[PDB]
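Before any comments, here is the structure.
As a convention, Cβ positions derive from the backbone with ideal geometry for all residues, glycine included, and neighbour counts pool all protein chains shown. What follows is calculated from the coordinates using simple rules that are stated; it is not laboratory data.
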Amino acid sequence: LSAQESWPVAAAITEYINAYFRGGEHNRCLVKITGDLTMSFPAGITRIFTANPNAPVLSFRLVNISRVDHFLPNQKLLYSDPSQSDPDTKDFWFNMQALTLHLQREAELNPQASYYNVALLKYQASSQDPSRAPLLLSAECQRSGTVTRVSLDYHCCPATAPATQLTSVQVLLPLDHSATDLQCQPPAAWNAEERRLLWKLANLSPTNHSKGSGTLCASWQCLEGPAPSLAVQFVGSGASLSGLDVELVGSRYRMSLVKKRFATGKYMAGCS
Amino acid sequence: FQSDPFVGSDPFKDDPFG
Ligand SMILES: [Zn+2]
């Protein structure tokens with residue numbers, strides 16, 4: 001009976017974002033998003049595939065891909081149409097013989113697993129438009145004598161951000177152990193291993209102004225390089241930053257789930 | 001953010017398949 005029922009697969013879209021806000025007059029920014037598409041298969045689908053080399057063709061589509069600059073499909077397992085010019089959509093077909101062998105090896109390698117993951121695609125998106133960055137940063141710096149002051153405004157914006165919260169939000173300002181007369185609003189911790197100031201921020205949401213925007217600052221004295229840079233860290237789930245999405249083509253398979261997650265890489269605000 | 005995006009949590013656990 002297993003032969004005739006529609007078979008489930010699952011997809012995962014993972015994206016990392018690097019950003020730099022220069023500061024100064026125009027506070028120009030650069031954004032780079034790097035993404036990965038993985039597909040998962042239930043362990044029992046091997047026995048179906050090994051037993052039937054004629055198994056029907058698993059086919060899928062990428063959608064809302066206008067924002068993606070470059071694709072690297074897995075050429076071991078996938079086919080495509082180079083004659084497909086559609087800018088917002090692209091189709092891929094599995095090689096079912098290679099896919100079968102690939103899962104057989106995965107099973108042979110890990111007989112205990114209940115599912116097996118397969119890497120379909122790598123991709124990249126770059127922009128100088130801050131509208132691609134979910135969290136807008138503006139840092140400023142001033143120095144009078146031995147006193148340095150640093151401030152950061154952050155803005156989580158509905159025009160920029162996907163619809164979801166940014167969580168595990170941290171702001172990192174590196175500061176040497178020779179600094180004295182520390183003032184921070186709001187309060188921050190100083191991590192001695194990494195030598196940096198740490199702010200932990202509440203989750204941020206584009207939905208509400210008070211929930212989404214804020215400011216913070218610190219000052220110190222140094223008896224004695226370039227202006228300091230602040231690093232921001234956060235995480236999200238339920239949306240992609242690029243806008244890319246995946247859907248199956250045909251009814252023979254069905255998508256059990258699509259997991260979407262993103263995280264900051266190096267995500268920075270500099271000040272002049 | 002480990003390399004297994006399903007983080008050891010079977011996405012098919014509740015699926016009617018099989
Ligand atoms: Zn805004």
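Data overview
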quantity: Pair list, Cβ < 9 Å and 6+ apart or interchain, from the stretch A:147-174 residues that are within 14 Å of chain B (Cβ to nearest Cβ) to residues that are within 16 Å of the ligand (Cβ to nearest atom) and part of a strand (DSSP E or B); calculated: A:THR167/A:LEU204
quantity: Members of the stretch A:110-163 found to be in contact with a strand residue (DSSP E or B) (Cβ under 9 Å, 6 or more places away or on another chain), more than 17 Å from A:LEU30 (Cβ to Cβ) and either within 16 Å of the ligand (Cβ to nearest atom) or acidic (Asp, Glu) (or both), listed by number; calculated: A:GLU140, A:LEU152, A:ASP153, A:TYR154, A:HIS155, A:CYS156, A:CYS157, A:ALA161, A:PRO162
quantity: A:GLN233 vs. criteria away from the ligand (no atom under 16 Å from the Cβ), over 24 Å from the mean Cα position of the chain (by Cα) and in a strand (DSSP E or B); calculated: no
quantity: Where A:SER66 falls short, out of the listed (1) more than 23 Å from the chain's Cα centre (by Cα); (2) surrounded by fewer than 13 Cβ atoms within 10 Å (Cβ to Cβ); calculated: (1)
quantity: Test: A:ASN64 is out of contact with any strand residue (DSSP E or B) (no Cβ under 6 Å at 6 or more places or on another chain) and within 21 Å of B:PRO5 (Cβ to Cβ); calculated: no
quantity: Tally, over the stretch A:239-255, of residues that are over 12 Å from the mean Cα position of the chain (by Cα) and surrounded by fewer than 19 Cβ atoms within 10 Å (Cβ to Cβ); calculated: 9
quantity: Filtered residue count, the stretch A:164-188, keeping only those that are within 13 Å of A:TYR267 (Cβ to Cβ) and more than 16 Å from the ligand (Cβ to nearest atom); calculated: 5
quantity: Set A:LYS76, A:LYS122: member being more than 30 Å from A:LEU182 (Cβ to Cβ) and surrounded by 13 or more Cβ atoms within 10 Å (Cβ to Cβ); calculated: A:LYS122
quantity: Residues located in the stretch A:28-48, provided they are more than 14 Å from chain B (Cβ to nearest Cβ) and crowded, with 19+ Cβ neighbours inside 10 Å; calculated: A:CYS29, A:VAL31, A:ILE33
quantity: Any pair with Cβ under 7 angstrom, 6 or more apart, that starts in the stretch B:2-15 at a residue that is within 9 Å of chain A (Cβ to nearest Cβ) and within 16 Å of A:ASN110 (Cβ to Cβ) and ends at one that is part of a loop (DSSP other than H, G, I, E, B) and among the polar types (S, T, N, Q); calculated: B:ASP10/A:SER114
quantity: Scan of the stretch A:236-271 for residues that are closer than 25 Å to A:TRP190 by Cβ and assigned to a loop (DSSP other than H, G, I, E, B), ordered by number; calculated: A:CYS271
